[PDB]
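# Working through the structure, step by step
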Amino acid sequence: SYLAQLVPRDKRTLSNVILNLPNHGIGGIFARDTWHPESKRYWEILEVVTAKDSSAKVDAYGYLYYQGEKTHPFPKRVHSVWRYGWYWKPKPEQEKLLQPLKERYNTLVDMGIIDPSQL
Amino acid sequence: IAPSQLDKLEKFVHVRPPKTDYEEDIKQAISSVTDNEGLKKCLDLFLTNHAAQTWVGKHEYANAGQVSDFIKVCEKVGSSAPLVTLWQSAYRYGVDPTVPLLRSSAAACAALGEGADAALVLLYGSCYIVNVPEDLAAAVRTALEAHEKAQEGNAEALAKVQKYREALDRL
Amino acid sequence: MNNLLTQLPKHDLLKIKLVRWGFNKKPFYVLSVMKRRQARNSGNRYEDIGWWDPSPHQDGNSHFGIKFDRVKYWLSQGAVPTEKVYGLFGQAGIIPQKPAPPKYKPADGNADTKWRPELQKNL
Amino acid sequence: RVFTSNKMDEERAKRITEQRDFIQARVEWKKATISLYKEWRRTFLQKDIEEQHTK
RNA sequence: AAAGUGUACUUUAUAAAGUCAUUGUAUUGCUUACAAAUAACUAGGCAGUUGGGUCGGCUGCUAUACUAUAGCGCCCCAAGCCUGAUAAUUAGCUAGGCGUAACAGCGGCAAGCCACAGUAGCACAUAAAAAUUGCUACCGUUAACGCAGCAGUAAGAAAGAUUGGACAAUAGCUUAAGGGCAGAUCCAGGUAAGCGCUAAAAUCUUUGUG
Ligand SMILES: [K+]
Ligand SMILES: [Mg+2]
Ligand SMILES: [Mg+2]
Ligand SMILES: [Mg+2]
Ligand SMILES: [Mg+2]
Ligand SMILES: [Mg+2]
Ligand SMILES: [Mg+2]
Ligand SMILES: [Mg+2]
């Protein structure tokens, strides 16, 4: 489920996060678990293209923000897609709308119906 | 290798583009499928179609028209697992979660008699739709009761039904 | 015989190095300007600039000699001292001391006996 | 090689702080030595020019 | 250049930096002369051989010097070039070193240069490079191997050491997360160059006892 992309997981590349999101996660905010939560480090996705052969990997383009400021002049592809630890950071408006849905997902995981490790 | 700059992406796409149009293949596949294995192939076809559209530049729900046909084939075949997987990863397959689709899947599972599967579909659907219809909930409850009566002899089935009933009541 | 080199290397670096000229467990060193990739005691040099006696004497000090004028000349040309030569120059006040990186490895518990089997025979 | 950790604990903070100090110290050391070499380089060049004129 | 540059890569609630790619005023040099063992029971040697002219002699991207190593190669032209030449025997050279009042004579140690890696012909490799890189033929053992790397074994010879420990120090390779690798090297074992000391006790050394 797309709600499972909020919590970082081991061996979870950005490609899995991007693919399992509405509209391929265009215009979303993503960051790795090794980055400090208060450092304001994240990627903003502007364009996504799937792999020619595999069709399970994605080349993403966007902007890189450090301390809420751009680090480069023009959009560039994400060179660290293949690394692990990526997770989804919904915007405040999305967080408010997804409040009840997150509670439902957490309850299902707690009861054991949904296994986040498998997904 | 993909270009570093976004301004050079258009040239990269135009060179040796992969096959993108799979509507004809999917339509033929849906009709020809009569077993669970064919249903799995259709799911792979949906995934490839949803991923392939990005090369043209579309980011919409490509697999929005054949969802109903796939449900009908699954109900006739009698396997509900493909539908359970689809709802679990609805976005990944390019299917937009909607109430009419949830009702159709629940009715198909209820007709098959798998109340436990009906509860699973409803529970997964509740993670995409904020408000679940009360009439649909009653239908699933009836399906669970029918499932329990049909498979009352299996203790494991009874435990699964009880667990799903608690989940529906809690959520 | 041992004419000093005049042409500078074209594909390697010049360094200021310590040359072992001691006896059995009685080290003594000479500082010279030599090509980076050579034998330790090779006869190819540009100049000999100093000497060092690392062991203490009756006065409790170590003794070090160096050409002050020529050290500056070779440092200007591009000669790169080794780690130990930096320590000698830093303490002698020719150039500022070079900071060292932090260390985490548990230090060796047998440094003066691990490589001397004669002591281990008695141990 | 670089050190990264998903756990925001004291160990991670210590490694970052120590690395910053070492890099800052080394950068300052490099500037001082180069300035001395440049100053000495000018002095020897001037001496050679004087010697050439005398010859 | 112990440098600059980057729509590049990595680390940061702590940041300075490094990594990768690329850049030099002509963009990595040729030639000549002198010295160095025997040797005439080696007297003739050379025909691309000596010289001249056209052409070729590549890996670009300041301007001139009327083309600015070369029989180095093709074609053409003129007959010249060497003559203790040509052919043989022996040896790595310099030098430390040993004898001698010196002159001379001979060639164990530290280091510099050159050549080679079973034999020969080639490809890379230009500028600092082929023991531990390839292709082919051949020789010796058994499609493979060649210890003139350290230790070690067999035969030969009057006569040639352990199948040892350690990267702690010096030098080197890699790496900004402070590490990894190493028969160079440092130590030990073995062998009557050489140098030093011990092989007997003494108020339990009056540098004592207290
Ligand atoms: K040869
Ligand atoms: Mg010989
Ligand atoms: Mg050969
Ligand atoms: Mg070599
Ligand atoms: Mg041999
Ligand atoms: Mg040997
Ligand atoms: Mg070192
Ligand atoms: Mg004897």
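In its metadata, the entry names cryo-EM as the structure determination method and reports 3.2 Å as the resolution.

Named according to the PDB entry, chain D is mS26 originating from Polytomella magna. Its PDB title, taken directly from the record, is "Structure of the mitochondrial ribosome from Polytomella magna with tRNAs bound to the A and P sites".

As recorded in the PDB entry, chain A goes by the name mS34, listed as coming from Polytomella magna.

## Structural notes on the overall build of chain A
Secondary structure assignment for chain A yields 3 helices and 6 strands. Along the chain direction, N to C, the helices and strands of chain A fall in the order α-β-β-β-β-β-β-α-α. Against the compact-globule benchmark of 14 Å for 119 residues, chain A has a radius of gyration of 15 Å, which places it among compact chains. Expressed as lengths along the three principal axes of its C-alpha atoms, the size of chain A is roughly 45 × 35 × 25 Å. Buried positions account for 47% of the 119 residues belonging to chain A. Summing over all exposed atoms, chain A offers an accessible surface of approximately 6200 Å²; the carbon and sulfur share of this is 51%.

## A word on the packing of aromatic side chains
Considering all chains together, one arrives at 15 aromatic pairs over all chains under this definition. Where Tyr2(A) meets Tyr91(B), the ring centres are 5.1 Å apart and the plane angle is 85°; that geometry is what we call edge-to-face. Within this pair, whereas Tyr2(A) is found in the segment before helix 1 (14–19), its partner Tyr91(B) is found in the loop between helix 5 (81–88) and helix 6 (99–112), the two belonging to separate chains. Accessibility assignment for this pair places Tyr2(A) and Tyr91(B) in one class, buried. Chaining the aromatic ring pairs together yields one cluster made of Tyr2(A), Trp88(A), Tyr91(B) and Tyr128(B). Directly above the aromatic system of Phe12(B) lies the positively charged group of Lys52(A), at a separation of 5.7 Å from the ring centroid. Directly above the ring of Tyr73(C) sits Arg70(C), whose terminal nitrogen or CZ lies 4.6 Å from the centroid.

## Topic: the protein's contact with RNA strand E
Contacts to RNA strand E come from 68 residues, most closely from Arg41(A), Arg37(C), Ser42(C), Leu75(C) and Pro102(C). The sugar-phosphate backbone supplies 62% of the atoms of RNA strand E found within 4 Å of the protein. At a separation of 3.3 Å, a sugar or linking oxygen of RNA strand E approaches a polar side-chain atom of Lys17(C). In this structure, a sugar or linking oxygen belonging to RNA strand E sits 3.0 Å away from a main-chain N or O atom of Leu18(C). Within the residue set of the surface near RNA strand E, elements represented by two or more residues are strand 1 (14–20) and helix 3 (117–122) of chain C together with helix 1 (10–54) of chain D.

## Some thoughts on the interface of chain C and chain D
In this complex, chain C contributes 16 residues to the contact, which on the side of chain D involves 13 residues. Interface area, chain C with chain D, both sides summed: about 1400 Å², of which 70% is carbon and sulfur. On the chain C side of the interface with chain D, the three residues burying the most area are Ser76(C), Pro99(C) and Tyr104(C), jointly 35% of the side's total. There are 0 salt bridges connecting chain C and chain D. At the boundary of chain C and chain D, one finds 5 residue pairs in polar contact. When residues of the side of chain C that touches chain D are assigned to their parent elements, the largest contribution, 5 residues, is made by helix 1 (residues 68–77) of chain C. When grouped by side-chain class, the residues that make up the side of chain C that touches chain D number 11 nonpolar, 2 polar and 3 charged.

## A short note on the state of the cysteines
All names here are of chain B. Applying the stated rule across the entire model yields 0 disulfides over all chains. No disulfide involves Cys42; its nearest neighbouring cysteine sulfur is the one of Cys74, lying 8.0 Å away. Left without a disulfide partner, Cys109 is nearest to the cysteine sulfur of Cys74, which lies 8.9 Å away. Residue class for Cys109 comes out buried when judged on its relative accessible area of 1%.

How each quantity is defined
Residues numbered from 1 in each chain as written, not as in the entry; some residues may be left out. Chains lettered and ligands numbered in written order. Part of a larger assembly, values for the part shown. Heavy atoms only, no water. Helix = DSSP H or I, 4+ residues; strand = E, 2+ residues; numbered from the N terminus. Rg over C-alpha atoms; globule rule 2.2 N^0.38 Å. Buried < 20%, exposed > 50% of the residue type's maximum accessible area, 1.4 Å probe, protein only. Areas by Shrake-Rupley, 256 points an atom, 1.4 Å probe, with all protein chains shown as cover. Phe/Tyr/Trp six-rings, centres within 6.5 Å; stacked < 30°, edge-to-face > 60°. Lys NZ or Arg CZ within 6 Å of the ring centre and 35° of its normal. Near = heavy atom within 4 Å. Polar contact = N/O pair within 3.5 Å; in protein donor to acceptor, adjacent residues only side chain to side chain. Contact = heavy atoms within 4.5 Å. Buried area = accessible area lost by both parts, 1.4 Å probe. Salt bridge = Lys/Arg side-chain N within 4 Å of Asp/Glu carboxyl O. Nonpolar A, V, L, I, M, F, W, Y, C, P; charged D, E, K, R; others polar. Disulfide = S-S within 2.5 Å.

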